[PDB]
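Below: one structure, written as structure tokens.
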Amino acid sequence: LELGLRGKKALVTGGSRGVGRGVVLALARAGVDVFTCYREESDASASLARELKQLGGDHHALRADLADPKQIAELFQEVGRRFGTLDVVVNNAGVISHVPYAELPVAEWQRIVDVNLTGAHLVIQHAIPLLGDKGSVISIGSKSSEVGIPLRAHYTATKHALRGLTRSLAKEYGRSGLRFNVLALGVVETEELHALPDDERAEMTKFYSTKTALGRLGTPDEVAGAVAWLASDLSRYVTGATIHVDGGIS
Amino acid sequence: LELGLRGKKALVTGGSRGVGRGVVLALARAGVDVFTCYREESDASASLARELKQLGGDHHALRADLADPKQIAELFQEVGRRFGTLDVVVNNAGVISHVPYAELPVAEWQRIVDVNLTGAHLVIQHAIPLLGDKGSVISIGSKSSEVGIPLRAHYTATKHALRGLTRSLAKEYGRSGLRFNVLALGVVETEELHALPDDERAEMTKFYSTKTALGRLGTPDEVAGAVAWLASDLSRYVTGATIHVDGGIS
Amino acid sequence: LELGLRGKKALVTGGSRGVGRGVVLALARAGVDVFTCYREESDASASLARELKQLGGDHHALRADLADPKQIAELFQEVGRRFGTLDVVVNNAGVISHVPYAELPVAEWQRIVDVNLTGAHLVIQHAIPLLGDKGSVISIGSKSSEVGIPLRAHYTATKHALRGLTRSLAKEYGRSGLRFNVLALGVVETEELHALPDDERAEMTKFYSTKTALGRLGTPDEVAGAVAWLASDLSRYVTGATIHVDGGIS
Amino acid sequence: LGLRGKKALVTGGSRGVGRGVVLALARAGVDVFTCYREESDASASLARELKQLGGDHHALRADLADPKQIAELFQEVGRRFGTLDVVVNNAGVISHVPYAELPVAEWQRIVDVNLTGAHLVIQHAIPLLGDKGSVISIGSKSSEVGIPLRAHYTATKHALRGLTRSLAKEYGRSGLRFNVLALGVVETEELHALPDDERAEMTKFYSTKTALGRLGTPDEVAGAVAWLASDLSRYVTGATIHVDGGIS
Ligand SMILES: NC(=O)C1=CN([C@@H]2O[C@H](COP(=O)(O)OP(=O)(O)OC[C@H]3O[C@@H](n4cnc5c(N)ncnc54)[C@H](OP(=O)(O)O)[C@@H]3O)[C@@H](O)[C@H]2O)C=CC1
Ligand SMILES: NC(=O)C1=CN([C@@H]2O[C@H](COP(=O)(O)OP(=O)(O)OC[C@H]3O[C@@H](n4cnc5c(N)ncnc54)[C@H](OP(=O)(O)O)[C@@H]3O)[C@@H](O)[C@H]2O)C=CC1
Ligand SMILES: NC(=O)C1=CN([C@@H]2O[C@H](COP(=O)(O)OP(=O)(O)OC[C@H]3O[C@@H](n4cnc5c(N)ncnc54)[C@H](OP(=O)(O)O)[C@@H]3O)[C@@H](O)[C@H]2O)C=CC1
Ligand SMILES: NC(=O)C1=CN([C@@H]2O[C@H](COP(=O)(O)OP(=O)(O)OC[C@H]3O[C@@H](n4cnc5c(N)ncnc54)[C@H](OP(=O)(O)O)[C@@H]3O)[C@@H](O)[C@H]2O)C=CC1
């Protein structure tokens, strides 16, 4: 009963902020070699590279717009050279916006589809040759895609699509040693929430807290505990599953 | 009471063959004015066109590739012209292919997403103004997106995305009197199966029958029974739901 | 096309109040012969009886405590003697209470299990011979058994148990012509909602109304629209399903 | 994972899934209390490996169909452990009976053990879990699928999810988490005691339905129990975790 992660190689999309950042740092502290990407150079990406260097291990953070297939194929050329193999993939990169559905432009629909759904598919497709004969693929889904949220049907559409992708991939590749699962998250504190001043903050927090069974929002490190279990052989009979990490929300 | 469908106006995408043909014809015979579409001109679209005008009522069948956003806008100006209003929309048009996932070309991924997911989204977005203050939107999903099927991860991804779209649209427009639901179909005999030689047809017929509770495959008219119910005021408190019409299949 | 319920024979448990009363009256006014039961005589049982005898058809309302298996057997001696056959069964009788779980007496747990689960099972088992070779069994479930409600875990346990019973019965009897489904209800207006002082008619109606997509509570007649569909041949390919009639709640 | 030193109760630990979970938790340094219905080779040999491992483990008889014996079981758990960190509702029974021929007493036995027994175990365990604790009930993927001749079994296994969801809502702010592990098909002694012929056929039959091409083992179940027992899952409650090899 040991996670046994030290020495594994992971790819985590969207590691500069939020959930992806916490997963990257927690996997790295546990001795996983982490490859991550981000869309745009920023102080968050720069501080990310700084912590990865501060820690021991063979970590890499490259810019790659998942809306762009050329940049995804380039990311994986770098992954194939620096790592050569993979044990874990975490599809975490995603975008959201609130547009009244009737006003949602076709281009904003297309962007959210390109990043959240087509981006995840291309990442997985490029990762399959690197995963070899054994590997664990983890996609970050959303509890909200079962509940429904006004002004985000495009987001809930893409997040729910990940579950159907995952279920079929679990069937197609299970006998080859690849496992595919979804983590359905509740509401997780991120820097964008702590960048809000107290009023439009301690009002979101209690609005969502009452919705939960635990009475609090999640953190990126709690998500990482579940990623760690799915990365490990303690979950070797788990595939095609949607694991809720949501505090029992609604 | 009664279905009370007579005189309503419905739009059914992909009405020339298979499930959609069954739904169009059954709704027409019940006195619903049906507007349908199809991708290319064919013997099926021609024969469908003849049958609808020989039936009573004001029906229309137009060519429109849902992979093309401009043809959807065109289709809907023709709908707003000829009908002026809608009571029912049925997103039935869909495509499928069986490709090893590692070999799935990006353009084919994009084709199945363009038709099954983005096309459905554009049809609903264009329909909302025409549905007004009461309306019923029905999207055709699939039991298989919960089960997983090898070589169709792109198909089960798009079909599962329809449920996530539907749930949020139901929350968003529910107080406007608009309802959104998904019909998750099992296996339905279509022309494409009675056109295979005797028993590769009977072999898959038995293969799929053994998985059902009922011991048989579904028919397009059985789907029509569920569309009829969702179009009707007998389902006026039903929204955001996935209704299985699948014979109890696994 | 049409529902075709005229002439069918139905059994509806718990028909004197609320959802059950609404289903009994709607089926009776549709020309179905309705046999119903209730636990004690009240203003409600008497008005139901009077209200039935004023409608065409052969209807019966008898008392039977579903917690007592001997009274269930007795009930079905009466159904066999007055009806001889059944086309439709609706397991609607159910009880609920709000008790802190640590304080829940063993006997109160036993009560709601005996009525909501063991009672429904015995009703179905007695009904199977009377349903013959064609028949539709409909059990009343609850959306809340997916959500969770404090002080009602015994209730949600039994309501969720009905889905598991139904799924297996659909597999076991589908090839014999019997269909089994659950209707999962949201919050429905009943007499018990109308008997509170407006001290909470309503805070409660706003509290539950805001959780729905439609912005209102359900009514018993809206439930009857779904019962009507499931009793009908329009749903002949629907079995083993959980049908949500909940206004898109949570 | 940080499991060493915790105290756990696992019902039905003498055979099958429960035995694997008991032994795996014990070998991780968890003090394990378990129970079983009949004294047998399995319970005696179980007691011999638990004393060979060291640690403070206990195996008592308690028929979970009898509320009195559940009370007595929790008297002894309260006295030897004083508190609990983990509860695993694992004890369960099944039978394959044509539904029309199912005797009321057999319906009642399946309900008493699989649903009411689990409820009583949880209700008695809540005082002992105190301010922090993790409750895990063993459910079944088959209760979503439906299986002929066992509707009574799938009824009770599905009931556990409705119970769990409400208990998670009720007790989450008190520090208690409630989750369900829905199992697929798991290899037990029960299957390896069948002749090569019928066993080979059953193995192929269920394997074809899984994504992984094999049946599960009790140790694979224990890996999920271990995660739900640990603070790595401290934001997981009210969830149904499938440990089923992707079975249909
Ligand atoms: N409560 C929550 O936060 C919930 C989150 N989720 C999901 O978790 C995941 C991460 O959530 P969260 O941390 O809150 O999101 P954030 O907005 O905080 O960060 C998202 C990360 O994804 C990267 N990203 C966005 N677009 C791209 C792109 N085209 N290419 C490469 N990287 C990109 C970002 O990089 P960059 O800095 O360059 O912009 C960023 O690092 C998402 O998939 C989300 O849907 C699920 C339900 C609830
Ligand atoms: N067993 C089954 O039948 C299953 C079906 N479904 C779903 O049912 C729906 C219809 O299924 P089915 O009848 O089997 O499919 P069919 O192959 O029989 O074709 C259905 C219709 O969709 C039209 N279509 C395809 N692409 C387009 C497009 N770009 N624009 C407009 N119309 C298009 C087709 O037009 P054209 O004739 O011009 O090619 C045709 O009229 C699909 O959405 C499917 O996912 C769900 C589960 C199982
Ligand atoms: N209304 C809602 O918001 C919800 C409804 N449901 C379910 O719908 C069904 C309808 O319940 P509802 O109308 O709301 O509640 P009510 O209390 O208003 O009516 C319940 C009926 O059950 C009758 N009955 C017959 N035998 C028994 C027996 N042994 N024990 C108890 N009742 C018996 C009762 O008769 P008597 O008059 O003698 O008491 C009564 O008529 C229930 O099963 C409920 O769980 C599910 C979720 C939400
Ligand atoms: N493929 C599988 O094995 C699956 C198993 N499950 C669930 O896993 C759990 C155990 O399954 P499995 O290992 O296969 O079954 P087993 O028969 O192998 O073991 C059952 C264990 O529970 C004990 N037990 C049964 N009834 C009682 C009772 N009244 N009181 C105390 N102990 C009792 C038994 O004790 P005793 O030795 O005295 O009989 C035994 O130790 C069950 O909950 C089952 O529903 C779920 C899905 C699939």
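Note on naming: chains are A, B, ... as they come in the structure tokens, residues start from 1 per chain, ligands start from 1 in the order shown.
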
Where does chain C meet ligand 3 within 7 Å, residue by residue, with the nearest atom pair and distance in Å to one decimal for each, counting only C-alpha atoms and all ligand atoms, listed by chain and rising number, as a Markdown table?
```
| residue | atom | partner | partner_atom_place_in_ligand_line | distance |
| --- | --- | --- | --- | --- |
| C:13 | CA | ligand 3 | 25 (C) | 5.7 |
| C:14 | CA | ligand 3 | 23 (C) | 3.2 |
| C:15 | CA | ligand 3 | 41 (O) | 4.8 |
| C:16 | CA | ligand 3 | 41 (O) | 4.3 |
| C:17 | CA | ligand 3 | 41 (O) | 4.4 |
| C:18 | CA | ligand 3 | 13 (O) | 3.5 |
| C:19 | CA | ligand 3 | 13 (O) | 4.0 |
| C:20 | CA | ligand 3 | 10 (C) | 5.7 |
| C:37 | CA | ligand 3 | 25 (C) | 5.5 |
| C:38 | CA | ligand 3 | 25 (C) | 3.4 |
| C:39 | CA | ligand 3 | 38 (O) | 3.2 |
| C:40 | CA | ligand 3 | 38 (O) | 3.7 |
| C:41 | CA | ligand 3 | 38 (O) | 6.2 |
| C:42 | CA | ligand 3 | 37 (O) | 6.7 |
| C:44 | CA | ligand 3 | 37 (O) | 6.6 |
| C:45 | CA | ligand 3 | 37 (O) | 6.6 |
| C:64 | CA | ligand 3 | 26 (N) | 5.8 |
| C:65 | CA | ligand 3 | 29 (N) | 3.9 |
| C:66 | CA | ligand 3 | 29 (N) | 3.8 |
| C:67 | CA | ligand 3 | 29 (N) | 4.9 |
| C:92 | CA | ligand 3 | 43 (O) | 4.6 |
| C:93 | CA | ligand 3 | 22 (O) | 3.6 |
| C:94 | CA | ligand 3 | 43 (O) | 3.6 |
| C:95 | CA | ligand 3 | 31 (C) | 5.2 |
| C:96 | CA | ligand 3 | 45 (O) | 6.9 |
| C:115 | CA | ligand 3 | 29 (N) | 5.3 |
| C:116 | CA | ligand 3 | 43 (O) | 6.9 |
| C:140 | CA | ligand 3 | 8 (O) | 5.4 |
| C:141 | CA | ligand 3 | 46 (C) | 5.3 |
| C:142 | CA | ligand 3 | 47 (C) | 4.0 |
| C:143 | CA | ligand 3 | 47 (C) | 6.5 |
| C:144 | CA | ligand 3 | 47 (C) | 6.7 |
| C:159 | CA | ligand 3 | 45 (O) | 6.9 |
| C:184 | CA | ligand 3 | 46 (C) | 6.7 |
| C:185 | CA | ligand 3 | 47 (C) | 4.8 |
| C:186 | CA | ligand 3 | 48 (C) | 5.1 |
| C:187 | CA | ligand 3 | 3 (O) | 3.6 |
| C:188 | CA | ligand 3 | 3 (O) | 3.9 |
| C:189 | CA | ligand 3 | 1 (N) | 6.4 |
| C:190 | CA | ligand 3 | 18 (O) | 6.0 |
| C:191 | CA | ligand 3 | 18 (O) | 6.7 |
| C:192 | CA | ligand 3 | 18 (O) | 6.3 |
```

For this session: May I have the residues within 10 Å of residue 171 of chain D as a count of residues only, using only C-alpha atoms and disregarding those fewer than 2 positions away in the same chain?
Result: 16

For this session: Do me a favour and pick out the residues of chain D within 6 Å of chain A, using only C-alpha atoms, as a count of residues only.
Result: 18

For this session: Would you list, as an NGL selection string, the residues of segment 158-248 of chain C that end up in strand (DSSP E or B) under DSSP run on this structure's backbone?
Result: :C and (178-185 or 188 or 218 or 242-245)

Restricted to N, CA, C and O atoms, what would the selected residues look like written as a PDB file, in the first residue's frame?
```
ATOM      1  N   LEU C 178     -42.781  -7.918 -20.355  1.00  0.00           N
ATOM      2  CA  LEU C 178     -42.967  -7.003 -19.234  1.00  0.00           C
ATOM      3  C   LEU C 178     -41.858  -5.943 -19.235  1.00  0.00           C
ATOM      4  O   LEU C 178     -40.667  -6.276 -19.345  1.00  0.00           O
ATOM      5  N   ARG C 179     -42.243  -4.681 -19.045  1.00  0.00           N
ATOM      6  CA  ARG C 179     -41.305  -3.568 -18.960  1.00  0.00           C
ATOM      7  C   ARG C 179     -41.314  -2.983 -17.550  1.00  0.00           C
ATOM      8  O   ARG C 179     -42.360  -2.922 -16.901  1.00  0.00           O
ATOM      9  N   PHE C 180     -40.138  -2.564 -17.077  1.00  0.00           N
ATOM     10  CA  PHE C 180     -39.970  -2.000 -15.748  1.00  0.00           C
ATOM     11  C   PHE C 180     -39.177  -0.699 -15.842  1.00  0.00           C
ATOM     12  O   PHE C 180     -38.059  -0.685 -16.369  1.00  0.00           O
ATOM     13  N   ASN C 181     -39.726   0.371 -15.271  1.00  0.00           N
ATOM     14  CA  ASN C 181     -39.105   1.682 -15.272  1.00  0.00           C
ATOM     15  C   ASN C 181     -39.403   2.408 -13.966  1.00  0.00           C
ATOM     16  O   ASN C 181     -40.346   2.084 -13.238  1.00  0.00           O
ATOM     17  N   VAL C 182     -38.569   3.410 -13.696  1.00  0.00           N
ATOM     18  CA  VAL C 182     -38.686   4.323 -12.571  1.00  0.00           C
ATOM     19  C   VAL C 182     -38.931   5.720 -13.129  1.00  0.00           C
ATOM     20  O   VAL C 182     -38.326   6.113 -14.135  1.00  0.00           O
ATOM     21  N   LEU C 183     -39.850   6.442 -12.504  1.00  0.00           N
ATOM     22  CA  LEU C 183     -40.003   7.877 -12.685  1.00  0.00           C
ATOM     23  C   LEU C 183     -39.350   8.562 -11.500  1.00  0.00           C
ATOM     24  O   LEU C 183     -39.789   8.354 -10.369  1.00  0.00           O
ATOM     25  N   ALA C 184     -38.284   9.329 -11.741  1.00  0.00           N
ATOM     26  CA  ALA C 184     -37.614  10.076 -10.669  1.00  0.00           C
ATOM     27  C   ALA C 184     -38.176  11.503 -10.592  1.00  0.00           C
ATOM     28  O   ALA C 184     -37.910  12.342 -11.470  1.00  0.00           O
ATOM     29  N   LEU C 185     -38.902  11.789  -9.510  1.00  0.00           N
ATOM     30  CA  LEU C 185     -39.617  13.044  -9.314  1.00  0.00           C
ATOM     31  C   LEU C 185     -38.743  14.120  -8.673  1.00  0.00           C
ATOM     32  O   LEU C 185     -37.868  13.833  -7.854  1.00  0.00           O
ATOM     33  N   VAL C 188     -42.967  18.082  -5.864  1.00  0.00           N
ATOM     34  CA  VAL C 188     -44.323  18.112  -6.408  1.00  0.00           C
ATOM     35  C   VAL C 188     -45.268  18.760  -5.398  1.00  0.00           C
ATOM     36  O   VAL C 188     -45.194  18.468  -4.199  1.00  0.00           O
ATOM     37  N   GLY C 218     -43.460  20.795  -9.304  1.00  0.00           N
ATOM     38  CA  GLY C 218     -44.283  19.962 -10.153  1.00  0.00           C
ATOM     39  C   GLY C 218     -45.696  19.799  -9.588  1.00  0.00           C
ATOM     40  O   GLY C 218     -45.988  20.138  -8.441  1.00  0.00           O
ATOM     41  N   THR C 242     -34.521   5.091 -15.873  1.00  0.00           N
ATOM     42  CA  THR C 242     -34.911   6.052 -14.849  1.00  0.00           C
ATOM     43  C   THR C 242     -35.281   7.327 -15.585  1.00  0.00           C
ATOM     44  O   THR C 242     -34.423   7.949 -16.220  1.00  0.00           O
ATOM     45  N   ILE C 243     -36.566   7.666 -15.573  1.00  0.00           N
ATOM     46  CA  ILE C 243     -37.092   8.846 -16.256  1.00  0.00           C
ATOM     47  C   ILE C 243     -37.267   9.960 -15.231  1.00  0.00           C
ATOM     48  O   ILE C 243     -38.029   9.810 -14.261  1.00  0.00           O
ATOM     49  N   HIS C 244     -36.549  11.065 -15.438  1.00  0.00           N
ATOM     50  CA  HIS C 244     -36.608  12.233 -14.570  1.00  0.00           C
ATOM     51  C   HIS C 244     -37.758  13.142 -15.003  1.00  0.00           C
ATOM     52  O   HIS C 244     -37.796  13.608 -16.146  1.00  0.00           O
ATOM     53  N   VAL C 245     -38.687  13.386 -14.083  1.00  0.00           N
ATOM     54  CA  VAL C 245     -39.756  14.364 -14.222  1.00  0.00           C
ATOM     55  C   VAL C 245     -39.593  15.324 -13.058  1.00  0.00           C
ATOM     56  O   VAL C 245     -40.312  15.222 -12.064  1.00  0.00           O
TER      57      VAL C 245
END
```

For this session: Find the residues around segment 22-24 of chain D up to 9 Å (only C-alpha atoms counted), leave out those fewer than 4 positions away in its own chain, and share them as a list in words.
Result: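 Returned residues: residues 1 of chain A; 8, 9, 10, 13, 14, 17, 18, 28, 29, 30, 32, 33, 34, 46, 49, 50, 219, 222, 223 and 226 of chain D.
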
Output N, CA, C and O atoms for every residue in the selection just made, as a short mmCIF file (atom, residue, chain, number, x, y, z; two decimals), in the first residue's frame.
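As a result, out20.cif now contains:
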```cif
data_model
loop_
_atom_site.label_atom_id
_atom_site.label_comp_id
_atom_site.auth_asym_id
_atom_site.auth_seq_id
_atom_site.Cartn_x
_atom_site.Cartn_y
_atom_site.Cartn_z
N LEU A 1 0.83 -1.20 0.00
CA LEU A 1 0.00 0.00 0.00
C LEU A 1 0.86 1.24 0.00
O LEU A 1 1.01 1.93 1.02
N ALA D 8 -9.39 0.59 12.06
CA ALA D 8 -10.39 0.31 11.04
C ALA D 8 -11.28 -0.85 11.47
O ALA D 8 -10.84 -1.75 12.18
N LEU D 9 -12.53 -0.80 11.04
CA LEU D 9 -13.49 -1.89 11.16
C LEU D 9 -13.89 -2.34 9.76
O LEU D 9 -14.36 -1.53 8.96
N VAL D 10 -13.74 -3.63 9.47
CA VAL D 10 -14.07 -4.18 8.17
C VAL D 10 -15.04 -5.34 8.40
O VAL D 10 -14.66 -6.35 9.00
N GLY D 13 -14.76 -10.13 6.99
CA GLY D 13 -13.36 -10.18 6.65
C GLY D 13 -12.75 -11.55 6.54
O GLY D 13 -11.55 -11.65 6.29
N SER D 14 -13.53 -12.62 6.69
CA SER D 14 -12.89 -13.93 6.73
C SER D 14 -12.58 -14.48 5.35
O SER D 14 -11.68 -15.32 5.23
N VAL D 17 -13.25 -10.50 -0.70
CA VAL D 17 -12.84 -9.10 -0.74
C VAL D 17 -12.46 -8.63 0.66
O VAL D 17 -11.43 -7.97 0.87
N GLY D 18 -13.30 -8.95 1.64
CA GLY D 18 -13.05 -8.48 2.98
C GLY D 18 -11.73 -8.99 3.53
O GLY D 18 -10.95 -8.22 4.09
N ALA D 28 -0.21 -2.80 6.36
CA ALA D 28 0.17 -1.40 6.34
C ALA D 28 0.24 -0.79 7.73
O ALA D 28 0.47 0.40 7.84
N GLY D 29 0.05 -1.58 8.79
CA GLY D 29 0.14 -1.03 10.12
C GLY D 29 -1.15 -0.43 10.62
O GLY D 29 -1.11 0.42 11.52
N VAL D 30 -2.27 -0.79 10.03
CA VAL D 30 -3.58 -0.40 10.51
C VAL D 30 -4.06 -1.47 11.48
O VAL D 30 -3.97 -2.67 11.18
N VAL D 32 -6.91 -3.56 12.73
CA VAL D 32 -8.10 -3.99 12.01
C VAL D 32 -8.99 -4.81 12.93
O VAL D 32 -8.56 -5.83 13.49
N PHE D 33 -10.24 -4.39 13.05
CA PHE D 33 -11.32 -5.15 13.66
C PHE D 33 -12.21 -5.70 12.55
O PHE D 33 -12.64 -4.95 11.67
N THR D 34 -12.47 -7.01 12.56
CA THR D 34 -13.35 -7.56 11.54
C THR D 34 -14.33 -8.52 12.19
O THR D 34 -14.25 -8.81 13.39
N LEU D 46 -7.61 -16.79 9.28
CA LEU D 46 -7.50 -15.34 9.31
C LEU D 46 -6.88 -14.89 10.63
O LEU D 46 -5.89 -14.14 10.64
N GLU D 49 -3.09 -15.52 10.62
CA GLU D 49 -2.22 -14.49 10.02
C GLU D 49 -2.26 -13.16 10.74
O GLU D 49 -1.23 -12.47 10.80
N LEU D 50 -3.38 -12.78 11.33
CA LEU D 50 -3.37 -11.49 12.00
C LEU D 50 -2.44 -11.53 13.22
O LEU D 50 -1.73 -10.56 13.49
N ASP D 219 -6.86 -7.57 -3.48
CA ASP D 219 -5.83 -6.56 -3.26
C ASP D 219 -6.07 -5.29 -4.10
O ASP D 219 -5.79 -4.17 -3.64
N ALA D 222 -8.40 -3.37 -2.13
CA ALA D 222 -7.75 -2.77 -0.98
C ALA D 222 -7.02 -1.49 -1.36
O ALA D 222 -6.96 -0.56 -0.56
N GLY D 223 -6.47 -1.41 -2.57
CA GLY D 223 -5.83 -0.16 -2.97
C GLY D 223 -6.77 1.04 -2.98
O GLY D 223 -6.39 2.16 -2.56
N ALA D 226 -7.63 1.89 0.63
CA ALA D 226 -6.52 2.61 1.24
C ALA D 226 -6.57 4.09 0.88
O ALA D 226 -6.45 4.95 1.76
#
```

For this session: Do a least-squares overlay of chain C on chain A, C-alpha atoms all paired in order, then report the RMSD in Å.
Result: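 Across the paired C-alpha atoms, the RMSD reaches 0.4 Å.
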
Problem set entry | DSSP helix (DSSP H, G or I) residues within segment 18-197 of chain A, listed as JSON, numbers by chain | {"A": [18, 19, 20, 21, 22, 23, 24, 25, 26, 27, 28, 29, 43, 44, 45, 46, 47, 48, 49, 50, 51, 52, 53, 54, 69, 70, 71, 72, 73, 74, 75, 76, 77, 78, 79, 80, 81, 82, 101, 102, 103, 106, 107, 108, 109, 110, 111, 112, 113, 114, 115, 116, 117, 118, 119, 120, 121, 122, 123, 124, 125, 126, 127, 128, 129, 130, 131, 144, 145, 146, 147, 153, 154, 155, 156, 157, 158, 159, 160, 161, 162, 163, 164, 165, 166, 167, 168, 169, 170, 171, 172, 173, 174, 175, 176, 191, 192, 193, 194]}

For this session: Please indicate the distance in Å from atom 48 (C, counted along the ligand's line) of ligand 4 to atom CA of residue 186 of chain D, rounded to one decimal place.
Result: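 That distance, rounded to one decimal, is 5.8 Å.
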
For this session: For residue 60 of chain B, please output as a ChimeraX atom specification all residues within 10 Å (counting only C-alpha atoms; exclusion window: fewer than 4 positions along the same chain).
Result: /B:11,33-37,49,52-53,78-79,82-83

Selected residues, N, CA, C and O atoms, written as a PDB file, in the first residue's frame, please.
```pdb
ATOM      1  N   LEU B  11     -38.752  21.071 -36.377  1.00  0.00           N
ATOM      2  CA  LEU B  11     -37.584  20.960 -37.236  1.00  0.00           C
ATOM      3  C   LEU B  11     -36.817  19.703 -36.850  1.00  0.00           C
ATOM      4  O   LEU B  11     -36.501  19.512 -35.675  1.00  0.00           O
ATOM      5  N   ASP B  33     -46.557  19.995 -38.568  1.00  0.00           N
ATOM      6  CA  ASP B  33     -45.850  20.528 -39.731  1.00  0.00           C
ATOM      7  C   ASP B  33     -44.354  20.348 -39.503  1.00  0.00           C
ATOM      8  O   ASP B  33     -43.799  20.875 -38.530  1.00  0.00           O
ATOM      9  N   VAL B  34     -43.707  19.584 -40.376  1.00  0.00           N
ATOM     10  CA  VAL B  34     -42.333  19.157 -40.166  1.00  0.00           C
ATOM     11  C   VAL B  34     -41.428  19.838 -41.175  1.00  0.00           C
ATOM     12  O   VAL B  34     -41.716  19.840 -42.376  1.00  0.00           O
ATOM     13  N   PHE B  35     -40.366  20.465 -40.674  1.00  0.00           N
ATOM     14  CA  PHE B  35     -39.265  20.960 -41.484  1.00  0.00           C
ATOM     15  C   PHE B  35     -38.052  20.067 -41.238  1.00  0.00           C
ATOM     16  O   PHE B  35     -37.604  19.923 -40.096  1.00  0.00           O
ATOM     17  N   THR B  36     -37.468  19.529 -42.291  1.00  0.00           N
ATOM     18  CA  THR B  36     -36.333  18.649 -42.101  1.00  0.00           C
ATOM     19  C   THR B  36     -35.194  19.071 -43.014  1.00  0.00           C
ATOM     20  O   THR B  36     -35.345  19.931 -43.891  1.00  0.00           O
ATOM     21  N   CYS B  37     -34.023  18.496 -42.760  1.00  0.00           N
ATOM     22  CA  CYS B  37     -32.880  18.798 -43.594  1.00  0.00           C
ATOM     23  C   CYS B  37     -32.086  17.526 -43.841  1.00  0.00           C
ATOM     24  O   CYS B  37     -32.327  16.484 -43.237  1.00  0.00           O
ATOM     25  N   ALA B  49     -39.259  13.409 -49.786  1.00  0.00           N
ATOM     26  CA  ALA B  49     -39.990  14.589 -50.257  1.00  0.00           C
ATOM     27  C   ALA B  49     -41.344  14.215 -50.873  1.00  0.00           C
ATOM     28  O   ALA B  49     -42.368  14.829 -50.551  1.00  0.00           O
ATOM     29  N   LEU B  52     -43.836  13.199 -48.124  1.00  0.00           N
ATOM     30  CA  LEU B  52     -44.419  14.203 -47.236  1.00  0.00           C
ATOM     31  C   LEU B  52     -45.501  15.041 -47.905  1.00  0.00           C
ATOM     32  O   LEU B  52     -46.492  15.398 -47.260  1.00  0.00           O
ATOM     33  N   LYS B  53     -45.355  15.368 -49.175  1.00  0.00           N
ATOM     34  CA  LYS B  53     -46.431  16.173 -49.718  1.00  0.00           C
ATOM     35  C   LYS B  53     -47.656  15.331 -50.039  1.00  0.00           C
ATOM     36  O   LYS B  53     -48.784  15.830 -49.939  1.00  0.00           O
ATOM     37  N   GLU B  78     -34.779  30.248 -44.053  1.00  0.00           N
ATOM     38  CA  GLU B  78     -35.873  29.567 -44.715  1.00  0.00           C
ATOM     39  C   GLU B  78     -36.924  29.048 -43.715  1.00  0.00           C
ATOM     40  O   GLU B  78     -38.138  29.102 -43.983  1.00  0.00           O
ATOM     41  N   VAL B  79     -36.497  28.576 -42.544  1.00  0.00           N
ATOM     42  CA  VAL B  79     -37.448  28.144 -41.519  1.00  0.00           C
ATOM     43  C   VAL B  79     -38.239  29.330 -40.975  1.00  0.00           C
ATOM     44  O   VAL B  79     -39.463  29.258 -40.812  1.00  0.00           O
ATOM     45  N   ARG B  82     -40.811  30.260 -43.781  1.00  0.00           N
ATOM     46  CA  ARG B  82     -41.913  29.347 -44.095  1.00  0.00           C
ATOM     47  C   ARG B  82     -42.749  29.017 -42.859  1.00  0.00           C
ATOM     48  O   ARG B  82     -43.977  28.885 -42.949  1.00  0.00           O
ATOM     49  N   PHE B  83     -42.120  28.914 -41.689  1.00  0.00           N
ATOM     50  CA  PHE B  83     -42.854  28.569 -40.476  1.00  0.00           C
ATOM     51  C   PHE B  83     -43.099  29.764 -39.563  1.00  0.00           C
ATOM     52  O   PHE B  83     -44.164  29.836 -38.925  1.00  0.00           O
TER      53      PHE B  83
END
```

For this session: Find the residues of chain A in contact range of chain B, meaning any atom within 8 Å when counting only C-alpha atoms, and list them as a VMD selection string.
Result: chain A and resid 101 to 102 125 128 145 to 154 156 to 172

Problem set entry | Polymer residues at most 10 Å from residue 6 of chain C, only C-alpha atoms, same-chain spacing of 6 or more positions, as a ChimeraX atom specification | /C:27-33,57

Problem set entry | Test item: residues no farther than 6 Å from ligand 4, counting only C-alpha atoms and all ligand atoms, as a ChimeraX atom specification | /D:12-18,35-38,62-65,90-93,113,138-140,183-186
